[PDB]
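Participant: Starting off with a structure, shown below.
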Amino acid sequence: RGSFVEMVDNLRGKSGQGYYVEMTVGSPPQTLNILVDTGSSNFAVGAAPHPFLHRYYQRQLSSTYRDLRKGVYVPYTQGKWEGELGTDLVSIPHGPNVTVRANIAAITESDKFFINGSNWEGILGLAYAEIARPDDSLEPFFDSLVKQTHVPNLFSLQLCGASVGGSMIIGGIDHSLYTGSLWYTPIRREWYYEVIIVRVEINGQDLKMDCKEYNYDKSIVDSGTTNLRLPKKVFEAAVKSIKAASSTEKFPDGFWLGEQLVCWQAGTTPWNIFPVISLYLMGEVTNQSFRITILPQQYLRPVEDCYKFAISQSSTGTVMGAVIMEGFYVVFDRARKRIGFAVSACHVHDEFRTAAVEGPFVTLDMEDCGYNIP
Ligand SMILES: C[C@]1(c2cc(NC(=O)c3cnc(OCF)cn3)ccc2F)N=C(N)SC[C@H]1c1ccccc1
């Protein structure tokens, strides 16, 4: 507990291409780089020579492979993958020293799934059974890990932005990875990592919307998404306020919609003109909340000095992607059904402002901020 030297820095990636951990599948062990995804629940790996791939799972080489003789078809709006379900022995070399029999979806056809130029060849879905494909009977990797070993029902993520790195601490918390205190928000329901936003501020100025709008139709913590995604009505309000606070320089309308990049001369980026963004989350106690605050260093991300505005509209509710997660050490405390936030020791800041986790605050009717099907 508290110190996990061997797991520090077990994550790498390229900007906008996600955060991956090294994993082994089969006997003898086949090494693969696997994207860490808190927004899905399948362990799914390339199993065929797709041209984008550095390597792939070769089931014929593994003596411990067991065929489940079942297909799986996984469409999304963003793209698709399909595969063949089986089990095999899985371990994480720079994680806990254990071997687990886990479900593996062997990917045999895909579209807009793998990224051309990326260094990963699979996905680790870290969310709950309820959103696993084809159904909730397919046990997720982390569920198998906890059931079969003595690894505690907890993991934490420190994602470090602006070639990227970070840590996945499996089974615990490393105190060197954060400054100040952890503050916990309850996991509303165990499917996605669902949370409730109770208040939103831009430079400490309340957006003054019905808090139900902030969570329409849900709010989730998702390492497999880049942007801070906000529901349409919230996005419009937030951008209006962001435009106002930054109005000392005018930018084209397309920039705020992510249709254009904006550029400055090397080293001259005017961070000071861009507001901080605060999300208040439901606390552990009745009428008690806490606030997480991110900088422009989190929401304006380098494209390679040119930047993309990485807050965008959603029809799937709030998505707290890498834009949020790069500011914070995030503790997915599955055993206590809660998520902890603390200021990340690796978050990108300047001499004037840092990311913040602050509380307690007094907020009434926080339960009403949750959305239910009418
Ligand atoms: C399953 C899925 C998914 C996500 C990613 N993500 C990334 O590439 C990525 C890139 N940058 C990030 O931060 C900054 F580095 C974070 N992540 C890659 C493949 C992938 F399957 N997970 C979701 N939670 S939402 C779309 C969904 C999806 C499903 C099918 C096709 C495409 C995406």
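How things are named: the first chain in the structure tokens is A, the next is B, and so on; residues count from 1 in each chain; ligands count from 1 in the order shown.
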Could you tell me, counting only C-alpha atoms and all ligand atoms, which protein and nucleic acid residues lie no more than 7 Å from ligand 1, written as a ChimeraX atom specification?
Facilitator: /A:14-19,37-40,75-76,78-81,112-114,123,222-226,321-322
Participant: When you look at segment 130-140 of chain A with a cut-off of 6 Å (counting only C-alpha atoms), what residues show up, excluding the ones that are within fewer than 2 positions of it in the same chain? I need them as a PDB file with N, CA and C atoms, in the first residue's frame.
Facilitator:
ATOM      1  N   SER A  41     -15.446  -1.890 -21.723  1.00  0.00           N
ATOM      2  CA  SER A  41     -15.315  -3.045 -20.827  1.00  0.00           C
ATOM      3  C   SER A  41     -14.812  -4.344 -21.462  1.00  0.00           C
ATOM      4  N   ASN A  42     -14.338  -4.269 -22.708  1.00  0.00           N
ATOM      5  CA  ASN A  42     -13.777  -5.431 -23.395  1.00  0.00           C
ATOM      6  C   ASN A  42     -12.267  -5.367 -23.477  1.00  0.00           C
ATOM      7  N   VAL A  72     -18.373 -11.681 -31.720  1.00  0.00           N
ATOM      8  CA  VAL A  72     -18.722 -10.413 -31.076  1.00  0.00           C
ATOM      9  C   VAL A  72     -18.604  -9.306 -32.128  1.00  0.00           C
ATOM     10  N   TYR A 128     -17.316  -1.474 -16.207  1.00  0.00           N
ATOM     11  CA  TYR A 128     -18.041  -2.630 -15.655  1.00  0.00           C
ATOM     12  C   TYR A 128     -18.738  -3.518 -16.686  1.00  0.00           C
ATOM     13  N   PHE A 142     -10.487  -6.611 -15.416  1.00  0.00           N
ATOM     14  CA  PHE A 142     -10.240  -6.219 -14.024  1.00  0.00           C
ATOM     15  C   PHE A 142     -11.071  -7.042 -13.032  1.00  0.00           C
ATOM     16  N   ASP A 143     -12.291  -7.410 -13.424  1.00  0.00           N
ATOM     17  CA  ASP A 143     -13.120  -8.322 -12.642  1.00  0.00           C
ATOM     18  C   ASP A 143     -12.435  -9.686 -12.465  1.00  0.00           C
ATOM     19  N   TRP A 191     -21.486   1.004 -14.447  1.00  0.00           N
ATOM     20  CA  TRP A 191     -21.548   0.603 -15.858  1.00  0.00           C
ATOM     21  C   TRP A 191     -20.359   1.255 -16.567  1.00  0.00           C
TER      22      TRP A 191
END
Participant: Run DSSP on the backbone and grab whatever in segment 213-314 of chain A lands in strand (DSSP E or B); send it over as a ChimeraX atom specification.
Facilitator: /A:219-221,228-231,262-263,277-282,288-294,300-303,306-309,311-314
Participant: Counting only C-alpha atoms, which residue out of A:7, A:56, A:174, A:126 sits closest to residue 153 of chain A?
Facilitator: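 For residue 153 of chain A, the nearest of the given residues is A:126.
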Participant: Please list as a ChimeraX atom specification every residue within 8 Å of segment 85-94 of chain A, counting only C-alpha atoms and excluding residues in the same chain fewer than 2 positions away.
Facilitator: /A:6-7,10,21-27,64-72,83,96-106
Participant: For residue 304 of chain A, which residue among A:207, A:261, A:276, A:234 is the nearest when counting only C-alpha atoms?
Facilitator: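 Of all the options, A:261 lies closest to residue 304 of chain A.
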Participant: Ranking A:180, A:13, A:359, A:49 by minimum distance to residue 329 of chain A and counting only C-alpha atoms, which one comes first?
Facilitator: A:180
Participant: What does the structure give for the distance between atom CA of residue 187 of chain A and atom CA of residue 291 of chain A, in Å to one decimal?
Facilitator: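 Spanning atom CA of residue 187 of chain A to atom CA of residue 291 of chain A is a straight-line distance of 16.2 Å.
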Participant: Please list as a ChimeraX atom specification every residue within 8 Å of residue 357 of chain A, counting only C-alpha atoms and excluding residues in the same chain fewer than 3 positions away.
Facilitator: /A:181-183,290-293,341-343
Participant: State, in Å with one decimal place, the distance from atom CA of residue 141 of chain A to atom CA of residue 215 of chain A.
Facilitator: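 Rounded to one decimal, the two atoms are 27.8 Å apart.
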Participant: From a backbone DSSP assignment, name each residue in segment 255-304 of chain A labelled helix (DSSP H, G or I), as an MDAnalysis selection string.
Facilitator: chainID A and resid 255:256 271:273 296:299
Participant: Can I get the selected residues back with N, CA, C and O atoms, as a PDB file, in the first residue's frame?
Facilitator:
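Full text of out.pdb as output:
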ATOM      1  N   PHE A 255     -12.538  27.894 -34.808  1.00  0.00           N
ATOM      2  CA  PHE A 255     -11.634  27.448 -33.733  1.00  0.00           C
ATOM      3  C   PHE A 255     -12.369  26.857 -32.520  1.00  0.00           C
ATOM      4  O   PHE A 255     -12.017  25.776 -32.052  1.00  0.00           O
ATOM      5  N   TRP A 256     -13.381  27.573 -32.033  1.00  0.00           N
ATOM      6  CA  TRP A 256     -14.217  27.129 -30.912  1.00  0.00           C
ATOM      7  C   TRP A 256     -15.021  25.867 -31.226  1.00  0.00           C
ATOM      8  O   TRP A 256     -15.387  25.126 -30.314  1.00  0.00           O
ATOM      9  N   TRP A 271      -1.354  32.156 -22.290  1.00  0.00           N
ATOM     10  CA  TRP A 271      -2.119  31.342 -21.343  1.00  0.00           C
ATOM     11  C   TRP A 271      -2.999  32.197 -20.436  1.00  0.00           C
ATOM     12  O   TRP A 271      -4.158  31.849 -20.198  1.00  0.00           O
ATOM     13  N   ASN A 272      -2.439  33.319 -19.971  1.00  0.00           N
ATOM     14  CA  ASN A 272      -3.098  34.282 -19.076  1.00  0.00           C
ATOM     15  C   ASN A 272      -4.494  34.775 -19.501  1.00  0.00           C
ATOM     16  O   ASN A 272      -5.324  35.086 -18.642  1.00  0.00           O
ATOM     17  N   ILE A 273      -4.742  34.841 -20.810  1.00  0.00           N
ATOM     18  CA  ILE A 273      -6.014  35.351 -21.349  1.00  0.00           C
ATOM     19  C   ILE A 273      -7.140  34.305 -21.302  1.00  0.00           C
ATOM     20  O   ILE A 273      -8.326  34.654 -21.354  1.00  0.00           O
ATOM     21  N   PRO A 296      -5.959  26.263 -19.243  1.00  0.00           N
ATOM     22  CA  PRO A 296      -5.850  26.210 -20.715  1.00  0.00           C
ATOM     23  C   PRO A 296      -4.786  25.226 -21.217  1.00  0.00           C
ATOM     24  O   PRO A 296      -4.914  24.694 -22.327  1.00  0.00           O
ATOM     25  N   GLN A 297      -3.766  24.976 -20.398  1.00  0.00           N
ATOM     26  CA  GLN A 297      -2.751  23.954 -20.687  1.00  0.00           C
ATOM     27  C   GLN A 297      -3.341  22.535 -20.832  1.00  0.00           C
ATOM     28  O   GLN A 297      -2.732  21.663 -21.464  1.00  0.00           O
ATOM     29  N   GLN A 298      -4.529  22.325 -20.261  1.00  0.00           N
ATOM     30  CA  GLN A 298      -5.261  21.073 -20.430  1.00  0.00           C
ATOM     31  C   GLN A 298      -6.232  21.084 -21.607  1.00  0.00           C
ATOM     32  O   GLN A 298      -6.307  20.093 -22.328  1.00  0.00           O
ATOM     33  N   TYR A 299      -6.967  22.185 -21.801  1.00  0.00           N
ATOM     34  CA  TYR A 299      -7.988  22.228 -22.863  1.00  0.00           C
ATOM     35  C   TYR A 299      -7.553  22.765 -24.238  1.00  0.00           C
ATOM     36  O   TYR A 299      -8.297  22.634 -25.220  1.00  0.00           O
TER      37      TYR A 299
END
Participant: Considering only C-alpha atoms, state which residue in the set A:170, A:284, A:57, A:35 is at the smallest distance from residue 146 of chain A.
Facilitator: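 Ranking A:170, A:284, A:57, A:35 by distance to residue 146 of chain A, first place goes to A:170.
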Participant: Would you mind listing what lies within 9 Å of residue 337 of chain A as a PDB file with N, CA, C and O atoms, in the first residue's frame, with only C-alpha atoms counted and same-chain residues fewer than 4 positions away left out?
Facilitator:
ATOM      1  N   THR A 185     -15.758  11.387  -5.212  1.00  0.00           N
ATOM      2  CA  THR A 185     -17.100  11.524  -5.764  1.00  0.00           C
ATOM      3  C   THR A 185     -17.687  10.115  -5.889  1.00  0.00           C
ATOM      4  O   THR A 185     -16.970   9.189  -6.290  1.00  0.00           O
ATOM      5  N   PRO A 186     -18.969   9.925  -5.503  1.00  0.00           N
ATOM      6  CA  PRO A 186     -19.496   8.556  -5.616  1.00  0.00           C
ATOM      7  C   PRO A 186     -19.688   8.116  -7.072  1.00  0.00           C
ATOM      8  O   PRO A 186     -20.021   8.938  -7.936  1.00  0.00           O
ATOM      9  N   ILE A 187     -19.441   6.839  -7.341  1.00  0.00           N
ATOM     10  CA  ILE A 187     -19.791   6.271  -8.630  1.00  0.00           C
ATOM     11  C   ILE A 187     -21.299   6.052  -8.576  1.00  0.00           C
ATOM     12  O   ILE A 187     -21.774   5.225  -7.799  1.00  0.00           O
ATOM     13  N   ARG A 188     -22.038   6.820  -9.375  1.00  0.00           N
ATOM     14  CA  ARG A 188     -23.504   6.777  -9.364  1.00  0.00           C
ATOM     15  C   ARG A 188     -24.057   5.388  -9.696  1.00  0.00           C
ATOM     16  O   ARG A 188     -24.970   4.891  -9.028  1.00  0.00           O
ATOM     17  N   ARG A 189     -23.496   4.774 -10.729  1.00  0.00           N
ATOM     18  CA  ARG A 189     -23.911   3.449 -11.152  1.00  0.00           C
ATOM     19  C   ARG A 189     -22.713   2.787 -11.797  1.00  0.00           C
ATOM     20  O   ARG A 189     -21.951   3.439 -12.501  1.00  0.00           O
ATOM     21  N   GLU A 190     -22.563   1.493 -11.537  1.00  0.00           N
ATOM     22  CA  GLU A 190     -21.449   0.707 -12.039  1.00  0.00           C
ATOM     23  C   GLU A 190     -21.742   0.162 -13.448  1.00  0.00           C
ATOM     24  O   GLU A 190     -22.214  -0.974 -13.620  1.00  0.00           O
ATOM     25  N   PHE A 332      -9.755   5.088  -9.126  1.00  0.00           N
ATOM     26  CA  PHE A 332     -10.994   4.382  -9.383  1.00  0.00           C
ATOM     27  C   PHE A 332     -11.151   3.356  -8.261  1.00  0.00           C
ATOM     28  O   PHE A 332     -10.645   2.230  -8.338  1.00  0.00           O
ATOM     29  N   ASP A 333     -11.824   3.795  -7.199  1.00  0.00           N
ATOM     30  CA  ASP A 333     -11.975   3.023  -5.976  1.00  0.00           C
ATOM     31  C   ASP A 333     -13.238   2.185  -6.086  1.00  0.00           C
ATOM     32  O   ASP A 333     -14.306   2.548  -5.562  1.00  0.00           O
TER      33      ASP A 333
END
Participant: Determine, counting only C-alpha atoms, which protein, DNA and RNA residues have an atom within 9 Å of an atom of residue 346 of chain A; residues of the same chain fewer than 6 positions away are not included. Present the result as number ranges by chain.
Facilitator: A: 158-161, 166, 177-178, 326-329
Participant: Find the residue from A:62, A:31, A:315, A:203 that sits nearest to residue 121 of chain A; use only C-alpha atoms when measuring.
Facilitator: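 Closest to residue 121 of chain A of all the choices is A:31.
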Participant: With only C-alpha atoms as the atoms that count, which of A:9, A:367, A:84, A:305 lies nearest to residue 281 of chain A?
Facilitator: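 Nearest candidate to residue 281 of chain A out of A:9, A:367, A:84, A:305: A:367.
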